[PDB]
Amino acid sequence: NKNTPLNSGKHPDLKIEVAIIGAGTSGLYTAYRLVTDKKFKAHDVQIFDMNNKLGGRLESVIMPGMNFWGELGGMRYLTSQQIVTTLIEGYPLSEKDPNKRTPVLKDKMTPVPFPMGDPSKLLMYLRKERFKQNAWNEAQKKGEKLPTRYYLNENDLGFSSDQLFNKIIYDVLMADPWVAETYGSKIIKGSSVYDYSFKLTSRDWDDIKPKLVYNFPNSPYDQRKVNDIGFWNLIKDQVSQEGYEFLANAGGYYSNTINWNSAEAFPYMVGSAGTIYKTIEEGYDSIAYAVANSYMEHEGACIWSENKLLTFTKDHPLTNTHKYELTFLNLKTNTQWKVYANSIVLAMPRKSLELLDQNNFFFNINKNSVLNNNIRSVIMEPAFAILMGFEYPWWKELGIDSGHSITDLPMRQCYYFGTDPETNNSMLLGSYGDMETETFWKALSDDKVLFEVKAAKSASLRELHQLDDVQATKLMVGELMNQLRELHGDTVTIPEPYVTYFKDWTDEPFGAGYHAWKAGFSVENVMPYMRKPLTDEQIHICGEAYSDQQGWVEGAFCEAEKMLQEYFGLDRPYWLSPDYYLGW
């Protein structure tokens, strides 16, 4: 099922219609739709990737001793996300009997609820104070305002990150008279001082984001579109720099507090009625294999692996039959070869576009200044993944079965991932890094001395030594361990891990775990621009990077889907609800 054939060879002067570069979710989706809907013969639609596997920022692994999937990248979806959810669970989404669902993909994918853990037992370690994540509510129940070691404005005393986030969004929304008048019924202040709520639809947000004005006559930002203010800028303005410190640390990875587009950050922070987080039992990269395999069933279909796009020109022998000559580097031989095509789908993030030849007709800055301006419209957020295997789930000593702990320590957030009921070998995702913490972790992960795998139950040295290459560094494992002991306190002994799995998503060609719209850009005009930057060229960009659901597979799918409907003459899939809002 994950043995989808990959061709690391070359086919000099291959002639095709559509060259898809990026075997990520969006590249795979594009190929699947084109050939499934018979817009093109499989042999005329080809995917190229420089990697030695498909899926890009989806990579599921198994570590000896633990018979279940760890995620180095994407790990879960929301049933709000209708392209990825329908693909996994069949259609229609309304049918709630899973045996009256019609499958869309053949590949076996077993949906399973994402365990969220217990906030009575999940930790919050801020400025050396240890809390249960529930401590703000428990204090509110008892009429109290929880003291913390952040000096908030007095009006915000006792608030939780979530409630204070809600208050900031409510306050800013209601200060726009037009937003108050038109959507005030969807922007609700409850009875309790802490309770705010929203019923704003994706559609309502597309109306609000380009028009929202920041209405605060003493602020340096007064009478500016919220589109034009960084989220850090905006949060400090509303609740002081100590307010921003509290939210940026207490929010964890569920929160994006970088200084990105306030207008885009609003819906990102406050969310479709009755949705939940799920994953796939067979690994979250199963959705990529499933889309890939559906494409590769057609003979002529090919993923060219370990083949890196260098450049592309209109000035080549074959202009009578093919607009574009693409030059590929075949990595196994270090030889270049040519591919001829009439359409190019760059299914790749910002960093991957910047690593392509910047001097060709498409990227040359002396011609396409506007394209380069639009490529630079998104922040490249760093992420890494360190998976750690322990001989027993030491976290269960604190009544923690699953979920995440949050700290202002450089580790920021850990996920208690699961236990092998036969071995008791148990998995932590210790990581992701982010704001500032990239440089803290990068000095340690760049170090040359790798963690030494250690034998465990159902995990022999000769099984483990196959993972030598992908171990975290001793310095990074040592220091993460030191922080986990500090995070969890002295009432639990944490033993040394026996195996690790490390990936850094800042590495080329990814340059980022995820992307974030910059303040000052008309997101609603950039997105359609990137799906076809030049009027008289059949070159398209798709993927998560320039989507409005950054952070998610669903963003990559939606930009591919819109590109398909816009330029490749496809209708909405038969299996996708006509009410799922896509946009323009």
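All residue numbers refer to positions in the sequence shown, first residue = 1.
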Checklist entry - Count of coordinate-less deposited residues separating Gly271 and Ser272, as none, 1 to 3, 4 to 9, or 10 or more? => result 1 to 3
Next on the checklist: Quick check: 274-282 versus 499-507, which has the larger average CA B-factor in the record?
Outcome noted: 274-282
Item to check | Comparing 154-162 with 302-310, the one whose average Cα B-factor in the PDB entry is higher | outcome: 154-162
Checklist entry - Quick one: which of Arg412, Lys189, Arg485, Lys351 has the biggest Cα B-factor according to the entry? => result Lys189
Checklist entry - Between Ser240, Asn249, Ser402, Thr333, which one tops the list for C-alpha B-factor in the PDB entry? => result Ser402
Checklist entry - Mind checking which third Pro92 falls in for C-alpha B-factor across the chain? => result highest
Checklist entry - C-alpha B factor of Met50, ranked within the chain: lowest, middle or highest third? => result lowest
Next on the checklist: For the chain shown, is the CA B-factor of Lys442 in the lowest, middle or highest third of its modelled residues?
Outcome noted: lowest
Item to check | Modelled-residue ranking by C-alpha temperature factor, third containing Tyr196 | outcome: highest
Item to check | For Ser577, the third of its chain into which the C-alpha B factor falls | outcome: highest
